[PDB]
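So you can see what is in the structure, the chains are spelled out below.
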Amino acid sequence: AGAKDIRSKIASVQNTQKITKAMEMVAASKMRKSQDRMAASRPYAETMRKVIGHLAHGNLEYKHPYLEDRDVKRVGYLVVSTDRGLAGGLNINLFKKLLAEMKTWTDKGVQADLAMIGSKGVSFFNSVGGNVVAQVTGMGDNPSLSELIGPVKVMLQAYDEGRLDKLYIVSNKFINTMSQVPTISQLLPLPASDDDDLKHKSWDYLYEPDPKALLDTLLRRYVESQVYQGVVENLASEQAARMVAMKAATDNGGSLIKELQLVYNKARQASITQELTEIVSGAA
Amino acid sequence: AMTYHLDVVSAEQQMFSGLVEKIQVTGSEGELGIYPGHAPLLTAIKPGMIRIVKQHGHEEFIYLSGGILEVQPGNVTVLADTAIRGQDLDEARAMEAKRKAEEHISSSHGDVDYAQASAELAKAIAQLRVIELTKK
Amino acid sequence: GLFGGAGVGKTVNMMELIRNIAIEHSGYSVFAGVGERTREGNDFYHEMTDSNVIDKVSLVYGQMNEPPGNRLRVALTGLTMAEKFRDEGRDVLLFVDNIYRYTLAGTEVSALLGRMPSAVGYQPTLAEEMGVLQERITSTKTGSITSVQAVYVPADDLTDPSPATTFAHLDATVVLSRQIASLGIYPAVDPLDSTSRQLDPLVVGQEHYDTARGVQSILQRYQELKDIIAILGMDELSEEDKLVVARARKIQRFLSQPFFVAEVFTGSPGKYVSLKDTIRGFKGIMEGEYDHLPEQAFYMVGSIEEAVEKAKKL
Amino acid sequence: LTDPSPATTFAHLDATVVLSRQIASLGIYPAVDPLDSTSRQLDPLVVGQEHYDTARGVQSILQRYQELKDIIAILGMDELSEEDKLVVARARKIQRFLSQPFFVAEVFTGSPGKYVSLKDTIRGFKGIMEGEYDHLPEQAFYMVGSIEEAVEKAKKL
Amino acid sequence: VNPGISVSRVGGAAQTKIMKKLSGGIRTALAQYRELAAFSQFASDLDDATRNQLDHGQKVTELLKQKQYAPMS
Amino acid sequence: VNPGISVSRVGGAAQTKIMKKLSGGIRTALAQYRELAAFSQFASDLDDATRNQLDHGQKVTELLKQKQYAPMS
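Residues numbered from 1 in each chain as written, not as in the entry; some residues may be left out. Chains lettered and ligands numbered in written order. Part of a larger assembly, values for the part shown. Heavy atoms only, no water. Residues with missing side-chain atoms left out of burial classes, pairs and counts.

The deposited coordinates for this entry were obtained by cryo-EM, with a reported resolution of 8.53 Å.

In the nomenclature of the PDB entry, chain D is known as ATP synthase subunit beta of Escherichia coli. The title assigned to this entry in its PDB record is "Autoinhibited E. coli ATP synthase state 3".

The name given to chain A in the PDB entry is ATP synthase gamma chain, with the source organism recorded as Escherichia coli. Its UniProt record gives chain A a comment under Function, which states: "Produces ATP from ADP in the presence of a proton gradient across the membrane. The gamma chain is believed to be important in regulating ATPase activity and the flow of protons through the CF(0) complex." Its UniProt record, at the heading Subcellular location, says of chain A: "Cell inner membrane". (UniProt positions renumbered as here; feature names shortened; annotations may be inferred.)

In structure tokens form, the structure reads like this:
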């Protein structure tokens, strides 16, 4: 039942509510299954951080190449990834944390060296402002260390040679199922992995390596394991925020327009006025 | 046989688990024959299948690209990776990322839960003469 | 007044009200009918042989094969026959069928006679018949005159006289949906939108105020913990979800006490539920006390009196 | 507005003003329908650059901001850009700051009454709706005359 | 006939015994197959509960329906 | 005057050769400009086809409007 505008508004509200409910259910099921089945990448970070930090007290105590990193002459930055529709609060926290951390951290006398990653990095850094050193395209919901060579390869010459000493890895984090908190920790400088470096090595403190093998392979495994493992919060937070926002907003936003259809219940009374003209013609 | 836990960790989740004994795997210097009772010796594992006994006499040839032999006091943490880094490979990231990002870069992921809603949002988001008919 | 769809039916109200109200209170409960079917009289009357009410009710129905004046003239039988028992010592209680015969016959006969009347396809005699006939069923010194206001609205027509006359002429209006009867319960009347003005306010007592406030706040505050939380998961279920779900499910599934309708038709007893057990048991034991009654042993229990022995004896 | 008084008075007289409920229901200082009709001295030859630029910018910003509710009301601020913030800030600041009291209109509300001029009101539309005087908020533009109340109230409070 | 819009009053219980308790589930196959198979545009990736109603509902509803001027004994 | 609803009876046959042969901005300019404004209602759904026709169909027809002193000589 409708009346010109009520028919198109009811059909568009029903189609938008059904499409929002189906897309919210599919995005919620795929986000819960993909996030619950892929939110457990800690073997490389825990094994490399615990194995490197637990045995670096008797080998990396004399010389450490990951201490000074680069020279204090610039300031690095990062950008969150948002390949799906309706990321939520990733655009406000990415531009606010990246512009506030880059402007406040680089306004004293430093430069800018942001690293774009994902679909949001090409429009939030290259089409807004700041710096655009490298933009990794073609990520998706299945990030790995093989396709993420642009960050370590493009950032290896600016963090371990002499360019940007302190940086800010701004990324959309997620500590729960509906809490998308974007963190911006300082990366490309000093990890300070002191989880078990308080004691010496009780076993045989001898290996076939030196400071280059212990300081070069650990940075790629820890940086690639933390950056590659921490990328699930962007897809899980964007898909979970779009599914929860579409399912919760589909019953209160556009569905509220259905309340206007209640006014159509009075529009039929106007049809009674069509009989009044009969009093001047039919009924006479 | 089985003795020390020689779990393998990949770049994402865990690669292998379970105890191990006479693991005849190649080290950093070449072919070696370690077993149960070796000291801590952090080596490197390159490409190649190494026949090592797992649990209950399971001589499996574990083949992988990269690998880091992290041996400690009785443990065998094989911190492996997805792919090794050497010649080329990561050498094209500077020219490809700088040349592809200095002009125009396009990102197109999968999005199975968002690509099917293009006709509903694009076809239903138009016609603003009936949606904005609310009086004030 | 009455609203809702199916669920209860005429057999539950006539069979349950023809034995409990007839023995608990002195009076003769009659009925009426204007605008019925020609075949229902050959089936529904058989129900009178399954509850023994034909000897205590005067079925005055006109079916629908006649015209407007021959079938809509059933107002003199109910008012003329019901006044002899209510003004002698008993209490009369009529029962209407619908409002299609009085509204269609009154509006069509009053508007099709060559005279103008009301608007929106209505007649000007709705205020006199609705106001004069709605106020006639009142309490007297020799007996209360009760009447089941079973008027049918025109598909929720707020501009016509059905919502204004039905909502302004009657008192309480109970609704019966398919959710209370689709799960497998006895009473199909839900507790939402089924109360009067002196049943939940501060014009009764601590029993009706505490039972109405506790049952209404527990039902409204507990109805969202089992329906809106099912789309996410049961991982965030604390004491409010378990206590509100167990108390709301056990109290809602165990509060439907069976009357005398199934005692001579199906075989289940129950007699009649008292006000002390339902008013002094649903406000304390149905919130967070004595959590020993389940869902299968608590069914078919008379208010909260029969549910105490079923938790330890069954 | 659908009887013979609107059709007869809208064409048989000069201006066709009205009293809409949106201006008086929101709590403005005008309570008059200024977007209904105007006079004959608001074109291009007899008007000027102030009336033409103010009428074109106010009509385009008010029409885009007032007509963008189908994409900015149901969807919210998700698919918005510079047109929603610039049209909403310029239309809300100009529409919310264009109303002021007029002696008798001052004692019937609560705010004071100050007579504005034509230079500040005609010249203030090229700064508040462009980017110069667009730094004020919603509380600083309430019950403001032209540029003295908006500049003094927005710069002093 | 339409799905769910054409219904009588006596139903299938007034006919024979084989068409009352053994042949009377048009609402389950029509509502489950139409409701579970019609909402597959934006919500893809059907599981075992949705794929079983498409073959039985589409094959039984499309193969068990009579044609034009078709006699049924 | 809105484009599309103004359909003439004679059309372009009651003119010269330049007015009838140079009137190519009817269906192309009126239909090409409406696709860019209605097709961009999503999350910025513009590409080469949406921007390649908006500069010659929508931007070229925006400056051609009859004002108060419109003289066609």
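## Examining the overall build of chain D
Counting secondary structure elements, chain D contains nine helices and zero strands. Each principal axis of the C-alpha atoms in chain D carries an extent, and together these give about 45 × 40 × 35 Å. The contacts in chain D between residues at least 6 apart in sequence include a share of 48% that link residues at least 24 apart. (Helix = DSSP H or I, 4+ residues; strand = E, 2+ residues; numbered from the N terminus. Contact = heavy atoms within 4.5 Å.)

## Quick word on the overall build of chain A
For chain A, the helix and strand inventory stands at eight helices and four strands. Traced from its N-terminal end to its C-terminal end, chain A shows the element sequence α-α-α-β-α-β-α-β-β-α-α-α. In summary, chain A has a C-alpha radius of gyration of 28 Å against a globular reference of 19 Å for 284 residues, an excess of more than 25%. Taking the intrachain contacts of chain A between residues at least 6 apart in sequence as the baseline, contacts between residues at least 24 apart amount to 75%. (Rg over C-alpha atoms; globule rule 2.2 N^0.38 Å.)

## Topic: the interface of chain B and chain A
Buried accessible area, meaning the area lost when the parts come together, often serves as the stated size of an interface. Contacts between the two partners involve 25 residues from chain B and, on the opposite side, 28 residues from chain A. It is helix α1 (residues 92-102) of chain B that provides the largest number of residues to the side of chain B that touches chain A, a total of four residues. A breakdown of the residues in the side of chain B that touches chain A according to their chemical character gives 11 nonpolar, seven polar and seven charged. (Nonpolar A, V, L, I, M, F, W, Y, C, P; charged D, E, K, R; others polar.)

## Details of the packing of helix α1 (residues 5-38) of chain A against helix α7 (residues 232-250) of chain A
Between two packed helices, the angle of one axis relative to the other and the distance separating the axes together describe the packing. All names here are of chain A. It is the contact of α1 with α7, at a shortest axis distance of 8 Å, that shows an interaxial angle of 150 degrees. Every pair of crossing elements has a handedness; the one defined by α1 and α7 is left-handed. Each of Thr20, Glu24, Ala27, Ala28, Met31 and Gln35 in α1 lies in contact with α7, whose residues at this interface are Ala236, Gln239, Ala240, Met243, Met246, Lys247 and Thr250. Counted by class, the contact of α1 with α7 contains seven nonpolar, four polar and two charged residues. (Axes fitted to C-alpha atoms, helices over the stretch in contact; angles between N-to-C directions. Left-handed = near helix turned anticlockwise from the far one by under 90°.)

## With respect to the sheet that holds strand β3 (residues 14-16) of chain B
Residues and elements named next belong to chain B. The strand order across the open sheet formed by five strands is β3-β2-β9-β8-β5, and the pairing between neighbours is mixed. Of all strands in the sheet, those with a lone pairing partner are β3 and β5 (43-44), marking the two edges. The pairing of strand β2 (residues 8-9) with strand β9 (residues 76-79) spans two bridges and is classified as parallel. Counted as the bridge partner of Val8 is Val78 from β9. (Pairing = 2+ DSSP bridges.)

## Let's talk about the domain arrangement of chain A
Residue and element names in this part refer to chain A. If you check the domain split of chain A, you get domain 1 (1-59 + 206-284) and domain 2 (60-205). Computed from C-alpha atoms alone, the centre-to-centre distance between domain 1 and domain 2 is 25 Å. In this assembly, 19 residues from domain 1 lie in contact with 22 residues from domain 2. Counting only elements with at least two residues in the side of domain 1 that touches domain 2, the list comes to α2 (43-55), α6 (211-229) and α7. It is α7 that provides the largest number of residues to the side of domain 1 that touches domain 2, a total of eight residues. Of the residues contributing to the side of domain 1 that touches domain 2, the split by class is eight nonpolar, seven polar and four charged. (Domains from an automatic or database assignment.)

## Quick look at the arrangement of the chains
Counting contacts across all seven pairs of chains that touch, the top pair turns out to be chains A and B. The smallest C-alpha distance separating chain A from chain F is 8 Å, and no contact links them.

## Description of the pairing of β9 of chain B
Residue and element names in this part refer to chain B. Relative to β9, strand β8 (residues 68-71) runs antiparallel, the two sharing three bridges. Counterpart to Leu69 in the pairing with β9 is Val78. Where β8 folds back on β9, the antiparallel hairpin that results is connected by four residues, among which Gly74 adopts a positive phi of roughly 90 degrees.

## Quick look at the packing of helix α3 (residues 49-67) of chain D against helix α5 (residues 82-97) of chain D
All names here are of chain D. Closest axis-to-axis distance for the α3/α5 pair is 9 Å, and the angle between their directions is 115 degrees. As judged from the angle between their axes, α3 and α5 are roughly perpendicular. Regarding α3 and α5, the two cross each other, and that crossing is left-handed. From α3, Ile61, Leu62 and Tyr65 reach across to α5, where they touch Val87, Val88 and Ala91. Of the residues belonging to the contact of α3 with α5, the class tally is six nonpolar, no polar and no charged. (Parallel < 35°, antiparallel > 145°, perpendicular 65-115°, else oblique.)

## Concerning the environment of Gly1 of chain C
Tracing the backbone shows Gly1 of chain C in the segment before α1 (10-17). For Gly1 of chain C and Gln149 of chain C, which are 148 residues apart along the polypeptide, the C-alpha to C-alpha distance reads 4.7 Å.

## A word on unusual backbone geometry
The residue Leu188 of chain A is not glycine, and still its phi comes out positive at about 55 degrees. Structurally, the position occupied by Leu188 of chain A is in the loop between β4 (182-185) and α6.

## Considering the environment of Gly27 of chain B
All names here are of chain B. Looking at the element boundaries, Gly27 is found in the loop between β4 (19-20) and β5. Along the primary structure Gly27 and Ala44 are separated by 17 residues, whereas in three dimensions their C-alpha atoms are 6.3 Å apart. Contacts of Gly27, omitting those with residues within four sequence positions, involve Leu32 and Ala44.

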